[PDB]
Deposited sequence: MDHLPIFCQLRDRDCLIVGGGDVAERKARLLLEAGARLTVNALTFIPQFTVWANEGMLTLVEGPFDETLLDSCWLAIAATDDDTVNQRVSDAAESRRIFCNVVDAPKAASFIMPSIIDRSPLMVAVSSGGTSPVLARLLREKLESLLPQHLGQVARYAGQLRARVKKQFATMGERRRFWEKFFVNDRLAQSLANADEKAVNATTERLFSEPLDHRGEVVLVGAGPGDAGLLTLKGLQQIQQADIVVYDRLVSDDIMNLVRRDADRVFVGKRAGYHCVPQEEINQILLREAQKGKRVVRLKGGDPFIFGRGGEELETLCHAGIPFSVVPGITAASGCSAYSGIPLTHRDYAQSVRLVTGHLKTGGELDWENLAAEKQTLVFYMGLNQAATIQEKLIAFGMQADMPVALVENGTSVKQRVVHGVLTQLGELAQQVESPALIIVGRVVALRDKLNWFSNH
């Protein structure tokens, strides 16, 4: 260990920053967030410093480094781009035993400012010890994704439950298991941040009312179109806490590798037999009743041609809490990765997400669809490519209207094919499921916005 980390209380304590440029501004913003009684000393100050001063957030001392300025300070930071001046601040700081930091010379002075993850009162700090700030940022990025947004809320709330916990659970091992469950309760944390007192009370009582070992709930998570990088921070957080994961085939392999090493997995997709929806709905409810934290992982988004509503309406008089985490829908993913915006200046503003045929029980609206400037996007329509081609130009759609097909969008094997409407059914026998059909003038923009490799 070459540095000792300490967490300093700065509320209303004198700190000094020398310098007034952009580097000095970051430092000031940070010290201010911690509540320091801050003085900034420099020859000139950028606009943001005048603003803070004009609203009573700090004190400005315009001029060259005034050493007496350190006389009653607890912390100093040399943030100028003149090494000689920074050196003098460092020397003056050290003479009076004031911990001091010199921005681009991390080990020349008293302390190093680490990269921080803020979930106050909970906080994590990472330091290179001066070797690799790049590595420190990489770690911050990883830690920011692993720590839910409102973790601080429950850290702060634990105090108001400690007593009741010791009262109901008399064994050390029991109270620990309680906190383990308490600290990963995202619904409670959110409710506290929402200032929703009834939900806070409801979720709190349930934590004491249910058996210690039960953590019953259902979470619908949108996995995105395939690229593991498109999963949401909350989705990953949810998936890492699951006891059981119920997924289908349109959930990528890269995504499943992110699922908690030994959470049970239940595949309910098309096996090389169709699992009926009511059986899927029933497994979610059943295992949540058994006390397991259930995550229903869905391809793309849960409420868009995903039948997510059905898997939830079966949960209201079961007394099983639930929640939804949206995901990037196939339309959004394929759009961005194919260089085809769904909306562009004139071409635009009506975007229609429509279903094709595997999914039926009535029949399709040709001119309502064949109608003017709206971008059309068909889900599950590869088996009616030609049947869509004929019924579109028949109702007025101009045969030279651009179209495109995107197979396995956002994945390393993404295939994009394109042309005009009179080639639809033909370009389709050049792709396989899963794929989307995009009809509209926005398709031509790809000649300028294409950035992802084709296969």
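According to the record, no C-alpha positions are given for deposited positions 273 to 274 alone, numbered from 1.
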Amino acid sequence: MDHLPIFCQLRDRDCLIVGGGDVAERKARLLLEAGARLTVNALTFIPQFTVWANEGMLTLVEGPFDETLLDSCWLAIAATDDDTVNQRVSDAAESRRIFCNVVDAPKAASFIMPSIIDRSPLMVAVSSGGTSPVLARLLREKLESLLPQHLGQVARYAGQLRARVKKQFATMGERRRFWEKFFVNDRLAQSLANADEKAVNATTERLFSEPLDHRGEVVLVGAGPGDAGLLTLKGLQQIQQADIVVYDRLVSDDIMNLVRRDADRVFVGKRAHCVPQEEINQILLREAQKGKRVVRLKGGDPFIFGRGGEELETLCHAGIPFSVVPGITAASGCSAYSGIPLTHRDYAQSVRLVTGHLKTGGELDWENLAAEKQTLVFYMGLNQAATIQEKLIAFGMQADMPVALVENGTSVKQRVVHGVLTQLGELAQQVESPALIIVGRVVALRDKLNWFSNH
From here on, numbers count along this sequence of modelled residues.
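In this entry, the higher average B-factor at the C-alpha atoms falls on 312 to 320, of the pair 312 to 320 and 285 to 293. When 365 to 373 is weighed against 274 to 282, 365 to 373 comes out higher, by mean CA B-factor as recorded in the entry. Of the residues listed, 111, 347, 337, 182, the entry assigns the biggest Cα temperature factor to 347. Looking only at 138, 170, 125, 266, the residue with the top Cα B factor in the deposited structure is 170. The PDB entry assigns residue 407 a C-alpha temperature factor belonging to the lowest third of its chain's modelled residues. Ranked against the other modelled residues of its chain, the C-alpha B-factor of residue 305 as given in the entry falls in the middle third. Sort the modelled residues of the chain by CA B factor and residue 1 lands in the highest third. Among the modelled residues of the chain, residue 80 sits in the lowest third by CA temperature factor in this PDB entry. When the modelled residues of the chain are ordered by their C-alpha B factor, residue 88 lands in the middle third.
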